[PDB]
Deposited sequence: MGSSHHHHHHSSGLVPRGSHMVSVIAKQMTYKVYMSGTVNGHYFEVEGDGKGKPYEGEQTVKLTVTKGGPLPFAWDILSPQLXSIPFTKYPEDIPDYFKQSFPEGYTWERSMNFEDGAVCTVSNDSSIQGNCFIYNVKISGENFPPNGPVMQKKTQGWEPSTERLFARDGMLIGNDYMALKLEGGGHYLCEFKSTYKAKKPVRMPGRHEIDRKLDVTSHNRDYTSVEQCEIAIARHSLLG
């Protein structure tokens, strides 16, 4: 059984955001059939981050997504060779990020190598000012195309004082071997920073993630 009921993973992250260089390693764990995972992160390099932890949160694992038996789990199918992806984040104030990832595996452990580039975060905006307060639960609209999966999600980052700081997610997931596509579907997600030290050089997060059909 290529994907067990309970698994771990390791995540390796680096990138640059408004000029600042950093790296982040995390140990993670969940039950891929439940859609549940937590992960613990250290900022190995460039800590303390001068920007909000949150723009990193979601580049820190799709296989822990609960799919119903009647939709083709593209993510799990792709193993053990696994898969890769690219994503961009376009924020309401012209700040952008781009992200790519390689996801493979090693027995009961996934290995994720992710890279992040980001800029045009206004210096007294909420990303550089650290005034965000997490992501709102969301829903990703996925559809098949040339054996890739396409992804769209309109995300909102909560602000200090009750605002919201909007952001488009466009993502392309690509299997390393070809696999049985599903058709249009959506992933309901919640994702939270459950704990962190004071300058956010250790940080832990939890995610729940569930698939179902579109309308």
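The chain's deposited sequence has unresolved stretches at 1-22, 83, 239-240, with no C-alpha coordinates there.
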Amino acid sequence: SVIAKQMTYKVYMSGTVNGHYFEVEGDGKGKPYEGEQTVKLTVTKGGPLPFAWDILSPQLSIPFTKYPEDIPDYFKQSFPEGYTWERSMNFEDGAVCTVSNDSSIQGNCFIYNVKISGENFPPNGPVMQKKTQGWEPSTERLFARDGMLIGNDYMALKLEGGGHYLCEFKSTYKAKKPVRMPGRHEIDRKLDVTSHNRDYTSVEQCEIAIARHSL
From here on, numbers count along this sequence of modelled residues.
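As listed in the deposited structure, the average C-alpha B-factor of 79-87 and of 111-119 is greater for 79-87. Between the stretches 48-56 and 147-155, it is 147-155 that shows the larger average CA temperature factor. In the deposited entry, the Cα temperature factor of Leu166 sits in the bottom third of values across the chain's modelled residues. When the modelled residues of the chain are ordered by their C-alpha B factor, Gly125 lands in the middle third. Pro72: CA B factor in the highest third of modelled residues in this chain (values from the PDB entry).
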